[PDB]
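The structure under discussion appears below in the form of structure tokens.
Here is the naming used below: chain letters follow the sequence lines, and residue numbers restart at 1 for every chain. Just so you know, these numbers use all the heavy atoms, side chains as well, and skip hydrogens, waters and symmetry mates. We count ligands from 1, going down the list as the structure has it; atoms in each ligand are counted the same way.
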Protein chains: 2
Amino acid sequence: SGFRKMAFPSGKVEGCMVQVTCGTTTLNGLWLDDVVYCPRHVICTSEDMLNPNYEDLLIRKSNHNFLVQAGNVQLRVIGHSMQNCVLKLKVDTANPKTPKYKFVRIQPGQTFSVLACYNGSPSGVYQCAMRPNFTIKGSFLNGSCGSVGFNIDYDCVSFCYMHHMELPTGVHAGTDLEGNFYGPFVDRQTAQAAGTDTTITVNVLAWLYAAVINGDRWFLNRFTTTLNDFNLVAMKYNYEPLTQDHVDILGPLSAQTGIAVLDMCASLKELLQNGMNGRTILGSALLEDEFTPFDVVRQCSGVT
Amino acid sequence: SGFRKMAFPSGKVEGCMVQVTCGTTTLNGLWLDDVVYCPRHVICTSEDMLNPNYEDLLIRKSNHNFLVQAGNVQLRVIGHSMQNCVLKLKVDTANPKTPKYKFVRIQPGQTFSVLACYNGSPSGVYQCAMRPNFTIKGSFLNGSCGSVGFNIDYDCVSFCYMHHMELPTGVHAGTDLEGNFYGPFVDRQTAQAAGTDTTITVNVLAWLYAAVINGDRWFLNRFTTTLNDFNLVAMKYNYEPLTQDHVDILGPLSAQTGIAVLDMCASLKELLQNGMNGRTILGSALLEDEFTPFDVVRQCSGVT
Ligand SMILES: Cc1cc(NC(=O)Cc2cncnc2)cc(O[C@H]2CC(=O)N2)c1
Ligand SMILES: Cc1cc(NC(=O)Cc2cncnc2)cc(O[C@H]2CC(=O)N2)c1
């Protein structure tokens, strides 16, 4: 029993972290096979960041200008290219610690672990959700760019995120491993609006099932609702509308607890309308939305 | 910016996890050098757990009865001994993945990362605090015994916890790596009282400094207090009394924010007396106490 914001074991990703230096800028790179991936803004100086012409900036760079270090050993750069907002530095050595991996573009509402890095060295690991507005509420400082988000299935690491920037609002923006930003963000030092964010309804319901599994049942009530009635409440409270796809994904948790999904929706409706009355659910005084139905089942079943 | 319950990168500890089987029982072991450490209750059957005589049970066991597996390879057990509540299985092979390590007995209020394991395989990593009542509020299921808690300084892993049991209340109990339980707990299936727990005052203050550093300043006020006045409030709300040692440890955070520790105490006093009024601090609707002053500085400075 117990429920925690649990991250994947980070070992397979730690063995991929390298430091990338271009001129005066140092950030993190991801070394998989004979390729090192990093944010393309590593080629920018302070004056460039305000409105960079990455194509022009990258033209003044040669392979020998990209300094790639894996721990204490230097890697030899034999090729360089830009793919969207990432640079791909071809090195002459395949990473012997390269795990089985895939590059995936996660959906909003999905979760992943972040291995925060500085100078190619891992500092910590935490679990994040890709917000509906395509931002992540991470913990990153200057030098953290190039840190990655991932999921692990058996022995396969699915890299889904690479950190690029912090918006003036303190939230984080980044790309998939092909360098395509999540959201409308551009890699330029201009104020950028992240959209209105919503609460991930299916995740809050999944966490309510996790609460029931762990003995916290006070919020359960004698009520039910319909998808339409519940969605009127969800819109009022900036929650994502619940669909039959979400109800179907909640199926295993509904079967495990014996609580019909629409009955759980009625509990959530009452919690939204009346608050928590100074009580807690799984040690939290607010409705948690950064656990997917899969995360709940995995945590509550002990998947290794 | 941003503040998360960040765990240490778990890689150095993943390379130490093994599976230990004795008869019908399987749990996790920690392989360091040529020794495997695991909870001694691995030698118990269902009937034994209620009141085990570990000395008598261990006498009926030989080296060949302890089945130790590291991934897919079997380790040869050449010695076995009991040290308090842990078994030490001497194997004929030193772990080639053994990091620089120490065994430490952490103090209550201190934090550590837990690598939750099943069948010797890591499933996840999360940050915990050793509660003042010597319990941990973890996330563990059957099979998780033998999972360890640790801290990392540079390249040195300080193992501080080994998981042994879940009390009927859902909280967790375990030992240091010499097998000495934290708290009054015994490894027997009898209902055990964990003491009254208190909130780790110095950690809540450290987290309030983390909030100020990250822009959340609403709770700051025009008041101050004394250690004695603040401690009268702390006792009323089941908070640990604040000492000059705690004020001194908060020194760097006080210097960084320019907020005198007793002024932060007055903010905490008002938050205790008046609640949060439906507002949040670092995305939390309750006062967080599982971040030490060291964790705040480390996270807010990017220590790798
Ligand atoms: C190419 C680029 C890089 C960075 N760098 C950073 O944030 C560095 C960093 C990352 N994370 C936490 N702390 C620090 C900012 C950029 O624009 C700001 C304007 C906006 O919005 N974002 C644009
Ligand atoms: C030697 C021993 C082992 C276990 N085993 C477990 O809890 C297994 C486990 C661990 N963590 C989470 N879920 C499951 C319990 C014991 O006594 C209970 C009476 C009490 O209090 N504790 C005594």
Practice task
For the residue pair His163(A) and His172(A), categorise the inter-ring angle as parallel (less than 30°), tilted (30 to 60°) or perpendicular (more than 60°).
Solution key: perpendicular
Under 3.5 Å donor-acceptor pairs involving side-chain atoms of residues 175-186 of chain B, not counting sequence neighbours:
residue	atom	partner	partner atom	Å
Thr175(B)	OG1	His164(B)	NE2	3.0
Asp176(B)	OD1	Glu178(B)	N	3.0
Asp176(B)	OD1	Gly179(B)	N	3.1
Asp176(B)	OD1	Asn180(B)	N	2.9
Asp176(B)	OD2	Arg105(B)	NH1	3.1
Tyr182(B)	OH	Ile106(B)	N	3.1
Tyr182(B)	OH	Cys160(B)	O	2.6

Give me the pairs of N or O atoms, one from ligand 1 and one from the protein, that sit under 3.5 Å apart.
residue	atom	partner	partner atom	Å
ligand 1	7 (O)	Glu166(A)	N	2.9
ligand 1	11 (N)	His163(A)	NE2	2.8
ligand 1	17 (O)	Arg188(A)	O	3.3
ligand 1	21 (O)	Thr190(A)	O	3.3
ligand 1	22 (N)	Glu166(A)	O	3.1

Practice task
Please determine if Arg4(B) forms a cation-pi arrangement with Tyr126(A), meaning its NZ or CZ atom is less than 6.0 Å from the six-membered ring centre and no more than 45° off the ring axis.
Solution key: no
Problem - Contact check, side chains of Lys5(B) and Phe291(B), non-hydrogen atoms, under 4.5 Å - result: yes
Problem - Flag side-chain contact, heavy atom, 4.5 Å: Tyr37(B) against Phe103(B) - result: yes
Fill in the blank from the handout: side chain to side chain contact (heavy atoms under 4.5 Å, CB included) test vs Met165(B) passes for just one of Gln189(B), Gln192(B), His41(B), namely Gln192(B)
